[PDB]
2 protein chains.
Amino acid sequence: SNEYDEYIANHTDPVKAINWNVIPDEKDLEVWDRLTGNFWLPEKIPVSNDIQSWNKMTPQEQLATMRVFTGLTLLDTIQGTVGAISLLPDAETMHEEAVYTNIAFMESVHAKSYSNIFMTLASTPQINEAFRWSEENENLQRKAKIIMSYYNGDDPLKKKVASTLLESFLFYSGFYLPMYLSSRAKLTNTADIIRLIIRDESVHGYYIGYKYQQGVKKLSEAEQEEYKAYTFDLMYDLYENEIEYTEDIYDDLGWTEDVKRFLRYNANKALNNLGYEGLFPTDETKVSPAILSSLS
Amino acid sequence: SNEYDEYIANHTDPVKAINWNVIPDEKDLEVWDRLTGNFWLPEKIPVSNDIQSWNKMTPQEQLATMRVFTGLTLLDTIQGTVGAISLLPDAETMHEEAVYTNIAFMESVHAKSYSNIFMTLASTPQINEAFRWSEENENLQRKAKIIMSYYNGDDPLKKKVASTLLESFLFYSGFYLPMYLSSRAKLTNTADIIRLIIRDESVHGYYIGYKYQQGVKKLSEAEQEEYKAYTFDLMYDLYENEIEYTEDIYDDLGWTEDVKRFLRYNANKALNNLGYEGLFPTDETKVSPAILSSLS
Ligand SMILES: [Fe+3]
Ligand SMILES: [Fe+3]
Ligand SMILES: [Fe+3]
Ligand SMILES: [Fe+3]
C-alpha cells in the first residue's frame, strides 16, 4: 500500500512522451519554430544609449512612460505565470503544450524587460511610485482581475478569448507611447525592445486565437452563438475600461484621441484573431501614420 | 459584465507586477541569469555529423540508445508540461515563478532534442517502435506515474522532492549511455546536446532542492523528520524500480553493473540537493573518470 497506488491504478492509459516526428497540426511546429527562433533577452539591447533622450523627456512624458510600462509589466506577469499556463490542460496536441511553455517563458522575459529599462533610466523613487500607482489604479486592477477571473475558471474557450484579448488588445494602450516617442528621437533603443515584444505578442494572439477558432467550431449551433456573444460582450467591457485608463494616462500629454483610435484598431484585430468581424467601423480606427509607421 | 463580479469581490488585494529592482532572494536572480544565459536549441548542434558513428553501432547499441532517449523524452515531457508548472502556486517570490516558466520551456526544448536526434539518425520504424516500447514498459510508466501522482497532489513540498528526484536521479539511468559512448568516440555531437541538457538539469535540481529546504525548514523538527522519511521512502521505491529498468535496457550490452553504480552516485546527489546525506557509501558509487569528465 504505497501512497501512489490509487493514482496509478486509476491512470491506466500510458503517459506519452512527445514525438516531434508526427505532427497532427503543422501550425504548432510553425509557431514553435517562429517563437523559439525569435528568442531574445533585454540585455541584448543598449538601453543605456537612451539615457540622454530620457533626461530630455518632459516630466509628463516620463510619468506616462513609467505608468504605461508598469501596466504592461503587470499584464506580462499575469500572462506568464497564470495565463499561458492555464491553456495547457485544454491543448489539442502535445506540441501545442510545448508551445505554451515557450509563451509562458517569453512573457516573463517581456515582464523583466521593463525592469531593465527602469533600472537603466529611472530613479528608484520613480520606480517605487510607478509600482504603487499600478496597485492602486482601479482600471488597471479591473482589467487584470477580469482576465484572471477566466483563467481561474473552468471554461477552456473563455481562457483563450481572455488570452487573445489580452495579447491583441490590452497591451496596445501601452505600446502607443514608445512608438510615438521613438518617432521623435526619444527612447529609440527602448523602442527596439518593444518591437521584439510586439513580434512575440502578434504571434501569441494569432496562435491562441487560431486554437479558440478550432475549439469553438467543435460545438453545437446554439453554443457557437453563445461564445460569440460572450466574446463581444467581454470586448466591450474591456474597451470601456480601457478608455478610462487611456484618458487618465494621456490626457495631460494630449495624445488621448489618437490613442483611442489605436484602441479601436487593435480591438478589431483581436476579434479577427478569434475569427470574428471587427467591433468598430474602419473609419474609427485611423491612428496617425507616424504610429503604424514606427511599428514597422 | 456580471460574470466576474464575484471573483473581483473575493480578490480585493492588488494583483502585482513583478519588480526586478527588488529581489528578496538573490538566488532567484542568480539562477534566472544562469538559465537564460545558457539558452540553446538542438538545431545548434550538427547531429547529422554523427551518422557515420551511428551506422557503425550494433543493433543492440542502437536499441538501447532509442530506449534510453525515449525514456528521457518522457521525463522531460512530464517535467515541462506538468512538473515545473505545478511548482508555480507555491513560490516564495515572484522571481521564482519567472524561473519556473524558463524551466518549463527548457524541459520542452530538452524533450524536442531527442526527436531532433531520432529524426536525423534513426529509421521511421525504429522511432515508432521506441515510442511504442515507452508506452508499454512497466518500469518507465511506473516511475512516470509515481512522480505525476505528487504533481497532481496537494502537498507543495512533496512536489519539490519529486521534481528533484526526477531531475537529479531519474534522468541518470539515461545520461550514462551517451556519456559512455562519447568516451569511446561515438555519437559525439549527440553527446554535445546531452551536455547542454545536463548543464540545465544540474541547475534545476539544485534550485528546486534549495527551495525545498527553505520550505521544510519552516516546519517543526517533528514535521521535518516526517518529510525526510517520506523522501528516503520515495527514493527506495524509485531506486528499486530503476534497478529493474536498468537491467532490462543494459543487460544485453553488459553495462548493467556500471550503470547501477552510476544510479547510486546520482541518488546521493539528488538527496544532497534536498539537504540530506547520501544513501549509498561512496565506494558503491564509482564512476569512470572518462564519463565523469563529460558529465562535469
Ligand atoms: Fe508579453
Ligand atoms: Fe504574449
Ligand atoms: Fe530536462
Ligand atoms: Fe530539468
Side-chain angles (χ1 to χ4, degrees), chain A residues 2-4 7-8 11 14-21 32 36-37 39 41 70-71 73-78 80-82 84-85 88 94 97-99 101-102 104-109 111-112 114-116 118-119 124 127 131 134-136 141-142 144-146 148-150 152-153 233 237, chain B residues 1 3-4 6-8 11 14-21 32 36-37 39 41 70-71 73-78 80-81 84-85 88 94 97-102 104-109 111-112 114-116 118-119 124 127 131 134-136 141-142 144-146 148-150 152-153 237:
Chain A
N2 285 302
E3 200 182 325
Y4 53 70
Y7 181 85
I8 295 180
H11 300 71
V15 184
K16 301 166 303 306
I18 189 165
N19 180 353
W20 290 83
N21 190 48
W32 168 273
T36 57
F39 172 81
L41 290 168
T70 302
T73 300
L74 177 65
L75 297 173
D76 284 311
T77 300
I78 289 315
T81 66
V82 184
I85 295 182
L88 282 277
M94 297 178 74
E97 291 186 68
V99 170
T101 67
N102 169 270
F105 168 51
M106 289 308 296
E107 300 297 349
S108 298
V109 170
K112 185 171 188 299
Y114 298 108
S115 283
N116 276 50
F118 288 169
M119 276 152 61
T124 300
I127 291 167
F131 278 92
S134 74
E135 293 169 351
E136 296 188 290
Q141 290 293 320
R142 188 169 190 80
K145 299 175 189 187
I146 286 178
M148 298 181 70
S149 82
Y150 295 109
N152 270 72
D233 287 346
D237 281 0
Chain B
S1 298
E3 175 170 36
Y4 49 72
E6 176 168 343
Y7 177 90
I8 294 183
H11 297 83
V15 175
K16 292 181 180 174
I18 186 161
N19 181 355
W20 289 81
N21 190 50
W32 168 275
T36 56
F39 174 80
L41 296 172
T70 304
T73 301
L74 179 57
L75 302 175
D76 282 312
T77 300
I78 293 308
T81 64
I85 290 179
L88 281 290
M94 304 180 68
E97 297 189 62
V99 170
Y100 294 139
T101 64
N102 168 269
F105 164 55
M106 289 309 294
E107 300 299 1
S108 291
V109 170
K112 185 168 190 293
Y114 294 106
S115 275
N116 278 53
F118 293 167
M119 290 172 64
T124 302
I127 294 166
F131 278 89
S134 81
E135 286 182 40
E136 315 195 313
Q141 290 294 317
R142 179 170 309 141
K145 292 167 182 178
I146 289 179
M148 286 171 84
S149 80
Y150 294 107
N152 291 303
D237 289 2

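Lettering follows sequence order; numbering is per chain, from 1. Side chains are part of it too, since the values below use all heavy atoms of this structure and drop only hydrogens, waters and symmetry mates.
- For B:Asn152, the part lying near chain A is the side chain, with the backbone staying farther off; criterion is any non-hydrogen pair under 4.5 Å.
- Comparing A:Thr73, A:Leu41, A:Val15 by how many heavy-atom pairs each has under 4.5 Å with chain B, the most go to A:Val15.
- Contacts with chain A were tallied for B:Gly153, B:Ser149, B:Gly71, B:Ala111; B:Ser149 has the most, counting heavy-atom pairs under 4.5 Å.
- Note on A:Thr70, A:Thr81, A:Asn102: by heavy-atom pairs under 4.5 Å with chain B, the leading option is A:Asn102.
- Residue with the most contacts toward chain B among A:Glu136, A:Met106, A:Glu135: A:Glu135 (heavy-atom pairs, distance under 4.5 Å).
- Taking 4.5 Å as the limit, some side-chain heavy atom of B:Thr36 sits within range of a side-chain heavy atom of A:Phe105.
- A heavy-atom distance below 4.5 Å is not found between the side chains of A:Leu74 and B:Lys16.
- For a residue to count as touching a neighbouring chain, one of its non-hydrogen atoms must lie under 4.5 Å from one of that chain's; by this rule A:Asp76 does not touch chain B.
- Listed options A:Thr77, A:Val109, A:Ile127, A:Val82 were ranked by heavy-atom pairs under 4.5 angstrom with chain B; first place goes to A:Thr77.
- Considering only residues two or more places apart in sequence or on other chains, A:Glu3 meets the salt bridge (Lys or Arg N to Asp or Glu O under 4.0 Å) condition with B:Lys158.
- Checking side-chain atoms of A:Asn21 against main-chain N and O of B:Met119 turns up no donor-acceptor pair under 3.5 Å.
- For A:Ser108, the side-chain contact (heavy atoms from CB on, under 4.5 Å) partners two or more places apart in sequence, or in a different chain, are B:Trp32, B:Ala98, B:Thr101.
- Residue B:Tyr100 does not touch chain A at all, counting heavy-atom pairs closer than 4.5 Å.
- How far CG of A:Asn2 is from CZ of B:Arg142: 10.0 Å, rounded to the nearest 0.5 Å.
- Distance alone, capped at 3.5 Å, is enough to place a donor-acceptor pair between the B:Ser115 side chain and the A:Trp20 backbone.
- Contacts between A:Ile78 and chain B at a heavy-atom distance below 4.5 Å involve the side chain alone, from C-beta outward.
- At a threshold of 4.5 Å between non-hydrogen side-chain atoms, the residues A:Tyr4 and B:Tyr150 count as touching.
- If you measure heavy-atom distances from A:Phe118 to chain B, you find no contacts under 4.5 Å at all.
- Most heavy-atom pairs under 4.5 Å with chain B: of the set A:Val99, A:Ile146, A:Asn19, this distinction falls to A:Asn19.
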